[PDB]
Structure formats: structure tokens, C-alpha cells
């Protein structure tokens, strides 16, 4: 029950480098692939998303759980970013730009993470 203590500053500095690379990423057309994923629609805007998508999460919440040390390792962070991307993929299905954007944001995450200078 020492779950109060924060993550070591080097770990928080690492997570924020990865999630900033993902969110700031632009394709060769200068388009910010992550913008649609920053914040989820409201249940009244899009109830069909919450009917189907069952564990909802956006980058707003992901980068929140970094501030408050909910993720205890880089793997805990990857589990949500993959869940975010898979949520978008199962709701919109292949053939949609949002699907294919989340394919790429998955790739950027693993490139950004595989940059460990350690």
C-alpha cells in the first residue's frame, strides 16, 4: 500500500517522449494523424461507439495516466495505446482513414519506444 509514490522521473520523462512523438506525428502530407484521437465523442454525440467499443480511452486520458503514475512501466503505456488503436479499428473497420491512421500511430509508437538510449 505504497501505491502513492510516483514513478521515477526518468520513467515519466520517457513516457512523455513517446506519447509526444505519437501525438505530434505528421504524414508526408503534413497532417496530424492523432488529432481525431485526442478526445472521445460524448455518449450523446455517438452512442453507437459506446454500445460497441467497451473499454474506451483517448490520448487525453492516456497522457493523463502518465501525469498521475497510473502506468508503472512502458509496457503498461503500450497496452492502452494499442487498445486505443484497436478500439478505433473495430468500430470503423478497414477501408476508413481513421482505421489506417491508427495502423500508423501504432507503428510510430513502437518506433518512438524502440528509441531507448539505454
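Residue numbers count along the first chain shown, from 1.
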Quiz item: What stretch has the higher average Cα B-factor here, 85-93 or 39-47?
Solution: 39-47
Self-check item: residue 11, C-alpha B-factor rank within chain (lowest, middle or highest third)
Solution: highest
Quiz item: With respect to C-alpha B-factor, does residue 64 fall in the lowest, middle or highest third of the chain as deposited?
Solution: middle
Quiz item: Taking the entry's C-alpha B-factors for this chain, is residue 104 in the lowest, middle or highest third?
Solution: lowest
Practice problem: Ordered by C-alpha B-factor within the chain, which third holds residue 58? Give me lowest, middle or highest, please. | Solution: lowest
Exercise. Pull the Cα B-factor of residue 98 out of the PDB entry and bin it into the chain's lowest, middle or highest third.
Key: lowest
